[PDB]
Each structure stands twice: as C-alpha cells, then as structure tokens.
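Chemist: I need the structure of the sequence given here:
(one chain, ligands or ions: 2)
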Amino acid sequence: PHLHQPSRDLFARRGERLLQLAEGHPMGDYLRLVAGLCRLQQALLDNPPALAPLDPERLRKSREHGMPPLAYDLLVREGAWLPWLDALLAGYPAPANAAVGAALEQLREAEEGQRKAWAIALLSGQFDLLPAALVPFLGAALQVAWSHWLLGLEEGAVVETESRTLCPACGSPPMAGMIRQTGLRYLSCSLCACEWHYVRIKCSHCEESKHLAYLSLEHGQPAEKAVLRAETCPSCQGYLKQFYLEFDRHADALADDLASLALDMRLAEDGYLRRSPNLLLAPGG
Ligand SMILES: [Fe+3]
Ligand SMILES: [Fe+3]
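Modeler: Numbers count the residues shown, from 1 in each chain. Ligands and ions are numbered 1, 2, ... in the order given. Please find the structure below.
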C-alpha cells in the first residue's frame, strides 16, 4: 500500500479533530476558528463549483515525462483552481473580526493575476510575497482544489516511486509524517493531502539514514505513548513532526500540527529547521 488517497470526508474529520484537540488547549480559540474553515472546505468539496476539467492530453504527457499529474507550479499558473477561491469567499459571510474581514475583502477584490501571484508565493514558501492574514483563506482554497483534483484521478496516474521527498501527485512538500499501525510510515502532502510511503529510517529532506533522533514533549500524557514525535537529523539539521496512529487513531496531519506548535519552538531553539509547510498558517508575518 504505497499510496493513500485521502477520505472524501478529510475536511470534516480535520475540523472534528481540531475541536477535540482545542478542549483545554492554550490556543483553543484559534484551533476552533480553523475548525470552522475546515468545515467550509468540506462543504465546498461536497458541492464543487463549475470547473474546467483537467486536460487529458496534458495529464498523459506529464505522466509520460515522469512528472506529478497535478504539478503545483504549472496548475497554479493555469488558474483553473480560481472558482474554489470565489466559492470559499462567498461561503464565508461571517468573519470573526475586522482584520479577517479586511483579509477576505482583499482576496475578493484582487484580480486573477494578483490572486495567482499570491498563490505561487504561498505554494513556493515565499511568505514575504503575500499578506500573512490572507494565508489561511488562500491556502484553504488551494487545498480543496488540489484534493478535489486528486480524488478525481485516474488511478495509476500518481507516481509510486519509493523514496520521494515530494508528493508524487502534486510535487509539494509534506506537512507531516504519519506512522500507521514494524509499522509503515507515510508522508502527508501539504497541498493535496495525498499520503505516500517513505522509508521509515530516513531523513525526509536530505536522504541520510544515519542514526536519526526522535523527540517528544509532555502534554499529563506520557512519552512512551506519545502521539507526536519529531524526527530530527543532524546532517541537515531538519525536523519533521510525525503522528503515530497506534496511540491515537484520530490523529490528523493538519490538526495535530496546529495543536503542537510548542514542539516547533522547542526544536527551532535547538537549532533545527522545518521544511514542511502548513498552508493554513504563516510563520508569519
Ligand atoms: Fe500533493
Ligand atoms: Fe537530513
């Protein structure tokens, strides 16, 4: 099982997990806000706007050339994802405050070229080239668009090469790792939510397998049964947060990431770098 397409309910599940994690959480109000956005993502995915279909010849060529069928840079430039942004904005009539109201308005008012420039920046990790307040909304629109496209492939089309650091469906970096019930490890795409098998004893950026280290931080919840452990690598000074479903089967790559930002800081002070984007949260900015 090299590949896992996400559930058609991925966004509802993500929202529910966020609500579950938010209870008694220092950033619970924020996490509950993101849950609302994830609920919107599910409603959109269940009721797509009119979309230009994927060119079946272009799919054929990209597959013939060993490229991801939903290669993000190409598709983000073509603009066929744009009706998702329109739908998300129209489906968000009740923002929490004036600043989010202002973020949505900038997105509503921006024309195609502007929206595309921001989307290219976000998907390439150039956070200084879009406004931080727009990130969650633009990111959420792009995630729905790419998951919709993913769920409509065309099985065989997604590459199943055996030690890819980048998503075989869209070419984006993972947001997190997922260790599924000896016990197989998957990378989880930051964009399309494709999960793909990646050898368990290897750094997710540089491909060194040399003795990596595994780091968990207390939660009341003991460390031998930890759901979160960061994989750390001294050769590239990278870390990747990974969730172990053996200890909580409801663990979600996006929701458990947003609920464990304390570990990121513990690592970012220990001299470790994160190269796994979360498209709903700027660093940022
Ligand atoms: Fe992907
Ligand atoms: Fe490394």
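
Chemist: Just give the nearest non-adjacent residue to the residue nearest the centre of the chain, would you?
Modeler: Nearest to the geometric centre of the chain sits residue 190, at 2.5 Å (Cα atoms, centre = their mean). Sequence neighbours aside, residue 175 is the residue nearest to residue 190 in space, at 3.8 Å (criterion: Cβ to Cβ, 6 or more residues apart in numbering). Every residue, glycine included, has its C-beta placed from N, CA and C.

Chemist: isn't there a strand covering the one you found?
Modeler: Yes. Counting by DSSP: H, G, I helix; E, B strand; the rest coil, residue 175 is found in a strand.

Chemist: Could you tell me which residues of the stretch 101-250 of the chain lie near ligand 1?
Modeler: Residues of the stretch 101-250 of the chain lying close to ligand 1 (Cβ under 5 Å from the ion) are 167, 169-170, 172, 189, 191-192, 194.

Chemist: Closest one to residue 21 out of the residues you listed, please.
Modeler: Nearest to residue 21 among those, counting by Cβ to Cβ, is residue 189 at 21.0 Å.

Chemist: residue contacts, that closest one?
Modeler: Residues near residue 189 by Cβ atoms under 8 Å, 6 or more residues apart in numbering: 167, 169-170, 172-175, 195-196.

Chemist: now do residue 118
Modeler: Counted by Cβ under 8 Å, 6+ apart, residue 118 has contacts 110, 129-131, 134, 138.

Chemist: what do you get for residue 167?
Modeler: 68, 173-174, 187, 189-192, 194, 196.

Chemist: Return the distance of it relative to ligand 2.
Modeler: 18 Å (Cβ to the ion, to the nearest Å).

Chemist: Could you do residue 284 as well?
Modeler: From residue 284 across to ligand 2, the span is 23 Å (Cβ to the ion).

Chemist: same deal with residue 192?
Modeler: To ligand 2, residue 192 is 24 Å away according to Cβ to the ion.

Chemist: Next one: that residue from residue 172, what distance?
Modeler: 7 Å (Cβ to Cβ, to the nearest Å).

Chemist: Please apply the same query to residue 136.
Modeler: In this structure, residue 136 and residue 172 are 17 Å apart, going by Cβ to Cβ.

Chemist: likewise residue 215?
Modeler: 25 Å.

Chemist: Counting neighbours, go ahead and name the busier of the two.
Modeler: With neighbours defined as other Cβ atoms under 10 Å, residue 215 and residue 172 compare such that residue 172 has more, 25 against 18.

Chemist: contacting residues for that one?
Modeler: Contacts for residue 172 (Cβ under 8 Å, 6+ apart) come out as 72, 123, 166, 189-192, 277.
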